[PDB]
Structures are given as C-alpha cells and as structure tokens.
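Structure first, then comments.
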Amino acid sequence: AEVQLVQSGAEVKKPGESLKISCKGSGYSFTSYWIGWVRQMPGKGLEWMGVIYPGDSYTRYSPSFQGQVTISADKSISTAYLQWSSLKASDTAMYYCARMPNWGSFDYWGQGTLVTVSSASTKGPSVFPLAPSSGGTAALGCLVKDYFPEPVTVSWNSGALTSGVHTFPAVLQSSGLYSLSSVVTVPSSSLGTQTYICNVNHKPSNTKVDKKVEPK
Amino acid sequence: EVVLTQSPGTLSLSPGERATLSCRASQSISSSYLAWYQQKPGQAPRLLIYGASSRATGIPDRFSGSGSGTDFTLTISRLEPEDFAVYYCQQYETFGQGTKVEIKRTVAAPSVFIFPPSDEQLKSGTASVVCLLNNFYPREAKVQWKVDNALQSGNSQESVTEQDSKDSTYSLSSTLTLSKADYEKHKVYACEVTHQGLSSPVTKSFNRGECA
Amino acid sequence: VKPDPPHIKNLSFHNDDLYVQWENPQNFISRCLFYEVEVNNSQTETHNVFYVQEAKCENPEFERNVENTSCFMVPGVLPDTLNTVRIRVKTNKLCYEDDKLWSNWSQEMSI
C-alpha cells in the first residue's frame with residue numbers, strides 16, 4: 001500500500017457550535033511522522049495551523065492559532081483531529097491535514113474538509129433573468145440570488161447549451177447569503193427563433209428552478 | 001518570526017517557456033527546511049521539492065529547486081499545460097503568499113454588456129445591476145459604477161472566471177446592488193471599463209425605464 | 001493537553017535500591033532528529049543530498065532485524081562506480097522552546 005490521508009466530510013455549522021474534523025492515515029507508520037493542519041480560507045493562501053507527533057502527542061501551534069483550536073491524536077485508529085470549542089463565521093475554510101517528516105515539509109496531504117460557518121439557515125435561490133439587448137453576438141443570463149449554503153448548479157436548455165456559458169464563482173453577500181450569475185453568448189439572429197432557459201438546482205433546499213430569459 | 005516573500009505574484013508565460021519563481025527569506029535559513037508546493041484550482045497542494053533542491057516521489061525532472069540562506073528559486077524548465085497553478089514556498093510554520101503561473105496569450109479586449117434589474121426582482125425590494133466583461137486577457141481590469149455622473153464605492157462586488165482551457169481568456173461580472181427606493185430615484189446607470197486591450201475606457205449605460 | 005508520560009515495564013526493590021525498567025520508545029529522539037546524507041559519484045557529477053526520517057531495520061530483505069544497528073535506503077548510489085557517502089544529524093526546530101530542546105519534565109507515581 002501507498003501513503004494516504006483521508007479526511008472527514010464537509011461541515012456546515014452555526015457560530016458558537018463545537019466541531020472536530022478527523023484525518024486517518026494509512027500506508028505508513030502513523031507514529032513515525034507528525035501530522036500538520038493547514039487552513040485555506042476562501043480565495044486565499046495557506047496558513048500553518050499546528051502539528052502533532054502521534055507517537056507521544058507532542059503538539060505545537062502557530063501563535064495565530066494557539067488557544068483557538070485543539071490538535072489531538074488516536075494512535076490506535078491511526079487518526080489525527082482538529083477541534084474548536086466555539087466556532088466563529090471567520091473559521092469558514094478548507095482544512096487540510098498533512099504528513100510531515102522532521103524537516104517540516106508536508107509530503108502527503110488529505111483531500112481537504114470544507115468548513116462553512118454561518119448564522120444563515122438553508123435557503124434556495126431567487127432566479128432572476130439577465131435579458132438582452134442594448135452587432136455580431138448578444139449576451140444573456142440568470143442572476144441566482146440569496147441562497148445558502150453553497151453550491152448551486154446552473155444548466156442551459158437542460159444541457160443542450162454549453163458553448164459560451166460562464167457560471168461565475170459564488171460571492172458571499174453582507175446578508176450571509178450567496179449570489180452568483182451564469183451568462184451566455186449567442187448569435188443575435190437566434191433570439192426569437194430559439195428559447196433560452198436556465199436550470200438552477202440547489203440540492204440542500206431541494207429546489208429546482210427554470211427561468212425563461214426573453215428579450216427586451 | 002521568519003517571513004517568506006515570493007516574487008512575482010503572477011508569472012505570465014507561454015507553454016514550453018522557462019519559469020523562475022523566487023522565495024526571499026527574512027533571515028538566513030538552513031536549505032534543508034525549505035520546500036515548494038503546487039496547487040491546482042480546486043485541488044489539495046502537492047509537494048514538489050523539499051530540502052531546497054530535492055524532488056519528492058514522482059515529481060518530474062522539469063521541476064528543480066536551487067538556492068541558499070535567503071534566496072531560493074523554483075525552476076520549471078519547459079512548461080507543460082498541467083504546470084499552470086499556484087506555487088508556495090514554506091519553512092516550518094511559515095508559508096509564502098504564493099505565485100500564480102498563468103498562460104500568456106495575445107492581449108484581448110473585453111466585450112462589455114450591462115443588464116438592468118429585472119422587473120421580477122424590483123417587486124422584491126432590491127435592485128441588482130449586472131455588468132459583464134467577456135473573454136479578455138490579461139486579468140487586470142478596472143470596473144467603475146456611475147449612478148448618473150457620481151462614482152460609487154462599497155455597493156459593488158466582482159467575480160472572475162478561471163482562465164479558459166480552450167482560449168486562455170477571463171470573464172468578469174460586476175454586480176452593483178441598491179434598494180428599490182435608491183434605484184427608483186436615479187436615471188443613468190453606467191459601467192466604466194478600463195483595460196489594456198482598450199485604447200480609451202468603454203462605458204455601457206441605460207436610462208431607467210427605456211428598452212425594446 | 002499534556003504529552004504521554006513515561007511507563008514502568010518492571011520494578012525490583014533489591015538490597016534497599018530500586019531498579020526500574022522503563023518502556024523507552026525514544027519518541028523525544030525519533031521526532032526531533034533526522035539524517036541528512038550527501039552522496040558524490042561521477043554521473044551525479046554534482047553532490048546529491050537526501051533526508052532520513054526512519055532508520056528502522058525491519059525488512060523483508062535477506063539482512064537482519066537486530067539492535068545496535070540502523071537501516072536506510074541510499075538513492076544515488078550505482079554498484080558499477082565509486083561513490084562517497086557523508087552523513088549529518090539535524091534537529092527539528094518544532095522541538096525547541098525558548099531555544100532549548102527537550103525543555104520540560106513529566107509526572108509519575110511509584111506505588
């Protein structure tokens with residue numbers, strides 16, 4: 001067997017709640033190497049959190065992370081943990097665990113665990129059109145607004161349309177709800193001879209929406 | 001503590017070209033403690049080089065680390081399309097701010113489009129004005145919102161696509177949001193675009209309550 | 001919050017003296033030290049250097065599993081050429097508190 005670190009599932013927690021992510025290593029002597037925790041906030045770089053030597057649970061933390069989180073280990077089940085007692089919205093990030101030899105480099109990584117902290121409740125999107133126009137081609141789309149949590153999936157003409165589509169990365173509004181737009185480029189001639197419909201699916205609220213983007 | 005500064009923040013090169021990323025350490029560090037990582041969009045980082053010059057298992061010959069004390073260098077000899085990602089240097093608790101290595105293509109001006117808020121949304125109480133910047137290169141673009149002839153501040157958010165796999169361009173959306181109450185008092189809504197591919201800036205506008 | 005304390009394997013109160021047999025995994029060593037190995041040849045015309053985390057003699061090669069001995073894979077060596085090896089031991093910066101290695105004590109009961 002090959003070295004592999006496998007992390008626990010995605011979490012959507014309210015602020016003030018506790019949380020514990022796990023990291024299970026296989027294919028190597030669990031106690032022979034240290035396990036580190038790295039944080040990656042939305043659209044940002046990597047932050048060294050802390051490390052543990054599973055052999056004797058010798059834990060060290062970065063000054064920015066000390067007293068904010070707890071690193072622990074269970075030799076017997078080849079598992080490493082990261083935990084918060086009371087989460088804040090500011091903890092929203094992807095968390096990676098990694099294997100580290102004594103030189104401090106991280107040679108094998110876990111797949112990451114997505115942590116989403118919000119006061120917001122699950123809420124499906126409001127889908128509004130982005131209708132043409134104001135030669136050559138013309139642009140149109142849908143504004144997928146006020147939803148929680150991520151993700152949403154936008155389709156065009158139930159999959160029949162792919163060319164020219166641009167689904168923008170979601171943006172976290174002040175309201176704590178996400179908003180995103182999907183747009184498409186089509187020839188101006190095709191308008192009124194071909195119908196454009198965006199299919200928005202938000203699996204957490206179980207909501208499917210289909211909007212007719214008409215011109216004018 | 002030790003602070004690592006990566007230069008440049010963005011490296012724009014064609015596939016097959018030579019990539020030289022630099023990692024400057026605040027204090028002199030032992031070459032055994034420096035490592036480089038690659039991170040592709042939506043993937044976990046992978047270790048490339050450890051101990052400043054040692055390739056990790058399976059890392060191809062094109063990646064080579066060099067450097068000593070304060071000045072460390074990552075070199076990708078021939079750039080393979082897979083090689084366009086974000087690269088980080090690290091020594092223990094300290095990580096670099098990263099270097100994105102992107103596909104350099106011939107400069108392309110954005111196709112600009114403005115979208116007034118739908119009547120559907122206006123009954124809700126809020127108004128979203130969307131401005132599309134389509135298929136452009138490079139990424140650096142200034143979008144400005146003008147409500148009548150006044151420049152707007154903290155009432156707008158933008159979003160960029162990841163560089164296209166087929167044409168190496170970007171696309172950006174700017175969403176200016178205001179209340180129905182605020183939207184209904186002003187006439188002109190303009191989106192002013194500044195870009196390298198544009199000789200002078202491009203403005204797109206609409207008068208509220210006038211359309212085919 | 002606290003590291004794993006030492007562990008007594010066996011005791012003997014013999015002629016007013018105590019003889020303690022501790023389970024010694026040497027984790028304080030295993031986690032702090034590592035070897036840096038330099039190999040020079042003629043192919044290989046530049047000094048190849050690698051790092052060793054585990055110096056464990058397990059196998060399953062036609063060698064041995066004994067003590068007073070260390071095993072490790074040496075990449076960069078070819079059997080047909082002359083190669084020079086040079087080893088150094090380096091410490092892990094994470095083990096240091098206020099520039100001191102193995103800085104602290106531990107708590108045990110003999111009863």
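Naming scheme: A, B, ... for chains in displayed order of the structure tokens; residues 1 onward per chain; ligands 1 onward as shown.
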Subject >> chain B contacts on chain C, only C-alpha atoms, 10 Å, as a PyMOL selection string >> reply: chain C and resi 36+48-51+90+92-94
Original post:
Taking the backbone alone, and naming residues the way the document does, which bits of segment 47-208 of chain B are strand (DSSP E) by DSSP, as an MDAnalysis selection string?
Top reply: chainID B and resid 47:50 54:55 63:76 86:91 94:95 99:103 111:115 126:136 142:147 150:151 156:160 170:179 188:194 202:207
Would you kindly return, as a PDB file with C-alpha atoms, in the first residue's frame, each protein, DNA or RNA residue with an atom no farther than 12 Å from any atom of residue 47 of chain C, considering only C-alpha atoms and excluding same-chain residues fewer than 5 positions away?
ATOM      1  CA  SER B  53      16.665  21.069  -4.051  1.00  0.00           C
ATOM      2  CA  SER B  54      15.261  17.529  -3.500  1.00  0.00           C
TER       3      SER B  54
ATOM      4  CA  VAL C  37      23.016  12.205   3.646  1.00  0.00           C
ATOM      5  CA  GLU C  38      25.396  13.510   0.908  1.00  0.00           C
ATOM      6  CA  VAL C  39      26.317  11.178  -1.996  1.00  0.00           C
ATOM      7  CA  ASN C  40      29.008  12.021  -4.620  1.00  0.00           C
ATOM      8  CA  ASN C  41      29.846   9.822  -7.683  1.00  0.00           C
ATOM      9  CA  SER C  42      30.640  10.856 -11.377  1.00  0.00           C
ATOM     10  CA  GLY C  76      22.015   7.973  -5.985  1.00  0.00           C
ATOM     11  CA  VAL C  77      24.456   5.013  -5.493  1.00  0.00           C
ATOM     12  CA  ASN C  83      30.601   6.711  -4.544  1.00  0.00           C
ATOM     13  CA  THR C  84      31.466   8.676  -1.346  1.00  0.00           C
ATOM     14  CA  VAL C  85      28.823   8.979   1.434  1.00  0.00           C
ATOM     15  CA  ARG C  86      28.866  11.697   4.185  1.00  0.00           C
TER      16      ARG C  86
END
Original post:
Which residues, written as a ChimeraX atom specification, have at least one atom at most 8 Å from residue 10 of chain C, with only C-alpha atoms counted and residues fewer than 2 positions away on the same chain left out?
Top reply: /C:8,12,20-22
Counting only C-alpha atoms, chain B residues within 7 Å of chain A, as an mmCIF file with N, CA and C atoms, in the first residue's frame:
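Result saved to selection_6.cif:
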data_model
loop_
_atom_site.group_PDB
_atom_site.id
_atom_site.type_symbol
_atom_site.label_atom_id
_atom_site.label_comp_id
_atom_site.auth_asym_id
_atom_site.auth_seq_id
_atom_site.Cartn_x
_atom_site.Cartn_y
_atom_site.Cartn_z
ATOM 1 N N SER B 32 17.794 22.728 4.242
ATOM 2 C CA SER B 32 17.002 21.518 4.495
ATOM 3 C C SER B 32 15.573 21.843 4.870
ATOM 4 N N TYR B 33 15.320 23.053 5.391
ATOM 5 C CA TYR B 33 13.973 23.415 5.833
ATOM 6 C C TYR B 33 13.035 24.048 4.785
ATOM 7 N N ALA B 35 10.779 24.161 1.318
ATOM 8 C CA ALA B 35 10.012 23.311 0.403
ATOM 9 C C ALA B 35 9.131 24.111 -0.561
ATOM 10 N N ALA B 44 -5.937 19.722 -3.654
ATOM 11 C CA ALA B 44 -5.096 19.910 -2.489
ATOM 12 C C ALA B 44 -3.678 20.205 -2.958
ATOM 13 N N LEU B 47 3.431 18.452 -2.777
ATOM 14 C CA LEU B 47 4.808 18.845 -2.529
ATOM 15 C C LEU B 47 5.686 18.525 -3.754
ATOM 16 N N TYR B 50 11.682 19.452 -1.492
ATOM 17 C CA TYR B 50 11.964 19.609 -0.066
ATOM 18 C C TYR B 50 13.473 19.720 0.105
ATOM 19 N N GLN B 91 8.847 27.126 5.056
ATOM 20 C CA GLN B 91 9.791 26.648 6.055
ATOM 21 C C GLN B 91 8.981 26.606 7.321
ATOM 22 N N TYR B 92 8.816 25.406 7.875
ATOM 23 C CA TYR B 92 8.005 25.178 9.064
ATOM 24 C C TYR B 92 6.679 25.951 9.111
ATOM 25 N N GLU B 93 6.400 26.700 10.208
ATOM 26 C CA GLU B 93 5.135 27.459 10.351
ATOM 27 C C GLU B 93 4.914 28.593 9.360
ATOM 28 N N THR B 94 5.909 28.868 8.503
ATOM 29 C CA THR B 94 5.912 29.983 7.560
ATOM 30 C C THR B 94 5.700 29.549 6.114
ATOM 31 N N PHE B 95 4.667 30.121 5.444
ATOM 32 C CA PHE B 95 4.325 29.895 4.033
ATOM 33 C C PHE B 95 4.460 31.191 3.243
ATOM 34 N N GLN B 97 3.333 33.882 0.180
ATOM 35 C CA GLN B 97 1.974 34.290 -0.196
ATOM 36 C C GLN B 97 1.500 33.688 -1.536
ATOM 37 N N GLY B 98 2.388 32.957 -2.214
ATOM 38 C CA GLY B 98 2.113 32.259 -3.466
ATOM 39 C C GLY B 98 2.456 32.995 -4.751
ATOM 40 N N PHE B 115 -26.710 45.003 -17.755
ATOM 41 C CA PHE B 115 -28.018 44.401 -17.535
ATOM 42 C C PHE B 115 -28.790 45.131 -16.441
ATOM 43 N N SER B 118 -34.151 43.104 -13.366
ATOM 44 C CA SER B 118 -35.393 42.579 -13.920
ATOM 45 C C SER B 118 -36.588 43.164 -13.163
ATOM 46 N N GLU B 120 -39.108 41.532 -12.237
ATOM 47 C CA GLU B 120 -39.377 40.475 -11.262
ATOM 48 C C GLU B 120 -38.741 40.765 -9.881
ATOM 49 N N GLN B 121 -37.440 41.121 -9.871
ATOM 50 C CA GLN B 121 -36.633 41.460 -8.692
ATOM 51 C C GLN B 121 -37.059 42.790 -8.070
ATOM 52 N N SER B 159 -16.537 39.170 -9.714
ATOM 53 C CA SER B 159 -16.250 37.743 -9.805
ATOM 54 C C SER B 159 -15.587 37.451 -11.132
ATOM 55 N N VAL B 160 -14.516 36.665 -11.102
ATOM 56 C CA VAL B 160 -13.736 36.313 -12.275
ATOM 57 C C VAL B 160 -13.763 34.813 -12.485
ATOM 58 N N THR B 161 -13.812 34.408 -13.742
ATOM 59 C CA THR B 161 -13.730 33.008 -14.121
ATOM 60 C C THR B 161 -12.263 32.542 -14.043
ATOM 61 N N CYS B 211 -36.395 50.638 -22.885
ATOM 62 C CA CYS B 211 -35.902 49.402 -23.528
ATOM 63 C C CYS B 211 -36.924 48.820 -24.535
ATOM 64 N N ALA B 212 -36.419 48.081 -25.556
ATOM 65 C CA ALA B 212 -37.240 47.442 -26.597
ATOM 66 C C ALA B 212 -37.997 46.220 -26.062
#
**OP:** Tell me, as a ChimeraX atom specification, which residues lie within 8 Å of residue 187 of chain A, counting only C-alpha atoms; anything in the same chain fewer than 3 positions away does not count.
**Re:** /A:136-138,190-191
**OP:** Pull out every residue of chain C that has at least one atom within 12 Å of chain A, counting only C-alpha atoms, and report them as a VMD selection string.
**Re:** chain C and resid 1 to 7 24 to 36 50 to 56 58 89 to 97 102 104
Convert the current residue selection to file output with C-alpha atoms, as an mmCIF file, in the first residue's frame.
data_model
loop_
_atom_site.group_PDB
_atom_site.id
_atom_site.type_symbol
_atom_site.label_atom_id
_atom_site.label_comp_id
_atom_site.auth_asym_id
_atom_site.auth_seq_id
_atom_site.Cartn_x
_atom_site.Cartn_y
_atom_site.Cartn_z
ATOM 1 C CA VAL C 1 -3.285 18.976 26.586
ATOM 2 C CA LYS C 2 -0.328 17.001 28.166
ATOM 3 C CA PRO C 3 2.221 14.586 26.424
ATOM 4 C CA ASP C 4 2.210 10.788 27.042
ATOM 5 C CA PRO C 5 4.067 10.175 30.405
ATOM 6 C CA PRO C 6 6.924 7.594 30.854
ATOM 7 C CA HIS C 7 5.932 3.966 31.506
ATOM 8 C CA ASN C 24 11.571 3.517 26.279
ATOM 9 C CA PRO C 25 10.210 4.222 22.735
ATOM 10 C CA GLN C 26 12.627 7.241 22.485
ATOM 11 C CA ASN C 27 9.874 9.393 20.899
ATOM 12 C CA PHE C 28 11.725 12.519 22.111
ATOM 13 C CA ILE C 29 14.559 11.429 19.799
ATOM 14 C CA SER C 30 12.511 9.923 16.890
ATOM 15 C CA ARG C 31 10.549 13.237 16.391
ATOM 16 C CA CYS C 32 13.436 15.692 16.729
ATOM 17 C CA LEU C 33 16.324 14.125 14.894
ATOM 18 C CA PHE C 34 16.817 13.284 11.185
ATOM 19 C CA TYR C 35 19.838 12.493 8.983
ATOM 20 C CA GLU C 36 20.964 14.494 6.009
ATOM 21 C CA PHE C 50 18.615 13.356 0.801
ATOM 22 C CA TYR C 51 16.941 13.103 4.247
ATOM 23 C CA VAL C 52 16.236 10.127 6.584
ATOM 24 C CA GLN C 53 13.229 10.102 8.999
ATOM 25 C CA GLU C 54 13.130 6.347 9.766
ATOM 26 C CA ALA C 55 16.357 4.394 10.372
ATOM 27 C CA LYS C 56 14.375 1.171 11.224
ATOM 28 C CA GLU C 58 12.501 -4.220 9.606
ATOM 29 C CA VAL C 89 22.357 14.647 12.059
ATOM 30 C CA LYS C 90 19.994 17.676 12.165
ATOM 31 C CA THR C 91 17.401 18.721 14.746
ATOM 32 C CA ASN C 92 13.683 19.741 14.219
ATOM 33 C CA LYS C 93 13.001 23.441 15.038
ATOM 34 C CA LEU C 94 9.486 22.428 16.345
ATOM 35 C CA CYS C 95 11.059 20.652 19.372
ATOM 36 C CA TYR C 96 12.552 23.927 20.730
ATOM 37 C CA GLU C 97 11.027 26.199 23.382
ATOM 38 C CA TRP C 102 13.534 18.715 25.386
ATOM 39 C CA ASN C 104 10.343 20.123 30.133
#
**OP:** Determine which residues of segment 14-200 of chain A DSSP labels as helix (DSSP H, G or I) from the backbone of this structure, then write them out as a ChimeraX atom specification.
**Re:** /A:75-77,89-91,157-159,188-190
Restricting it to N, CA and C atoms, dump the selection as a short mmCIF file (atom, residue, chain, number, x, y, z; two decimals), in the first residue's frame.
data_model
loop_
_atom_site.label_atom_id
_atom_site.label_comp_id
_atom_site.auth_asym_id
_atom_site.auth_seq_id
_atom_site.Cartn_x
_atom_site.Cartn_y
_atom_site.Cartn_z
N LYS A 75 -3.49 7.14 18.28
CA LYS A 75 -2.52 6.14 17.81
C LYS A 75 -3.30 4.90 17.26
N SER A 76 -4.08 4.24 18.15
CA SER A 76 -4.83 3.02 17.90
C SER A 76 -5.71 2.96 16.62
N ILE A 77 -6.19 4.11 16.12
CA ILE A 77 -7.02 4.12 14.90
C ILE A 77 -6.40 4.98 13.83
N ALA A 89 -17.84 32.73 12.43
CA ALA A 89 -18.06 32.79 10.98
C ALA A 89 -16.69 32.82 10.29
N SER A 90 -15.73 33.55 10.89
CA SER A 90 -14.37 33.69 10.41
C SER A 90 -13.61 32.36 10.29
N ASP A 91 -14.19 31.22 10.76
CA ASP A 91 -13.49 29.93 10.60
C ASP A 91 -13.82 29.27 9.26
N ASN A 157 -30.74 25.27 -21.28
CA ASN A 157 -31.56 24.48 -22.20
C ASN A 157 -31.45 22.97 -21.88
N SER A 158 -31.37 22.69 -20.57
CA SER A 158 -31.29 21.37 -19.95
C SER A 158 -30.07 20.54 -20.38
N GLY A 159 -28.99 21.25 -20.73
CA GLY A 159 -27.72 20.67 -21.12
C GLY A 159 -27.39 20.80 -22.59
N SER A 188 -27.14 37.11 -32.27
CA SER A 188 -28.32 37.99 -32.17
C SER A 188 -29.52 37.51 -33.01
N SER A 189 -29.24 36.84 -34.14
CA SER A 189 -30.23 36.28 -35.06
C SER A 189 -31.11 35.19 -34.41
N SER A 190 -30.50 34.34 -33.56
CA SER A 190 -31.16 33.23 -32.84
C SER A 190 -32.25 33.66 -31.82
#
Original post:
Can you list, as number ranges by chain, every protein, DNA or RNA residue that comes within 8 Å of residue 203 of chain B when you count only C-alpha atoms, leaving out same-chain residues fewer than 6 positions away?
Top reply: B: 190-193
Subject >> Nearest candidate to residue 11 of chain B (options B:79, B:34, B:52, B:29; using only C-alpha atoms) >> reply: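 Counting only C-alpha atoms, the residue closest to residue 11 of chain B is B:79.
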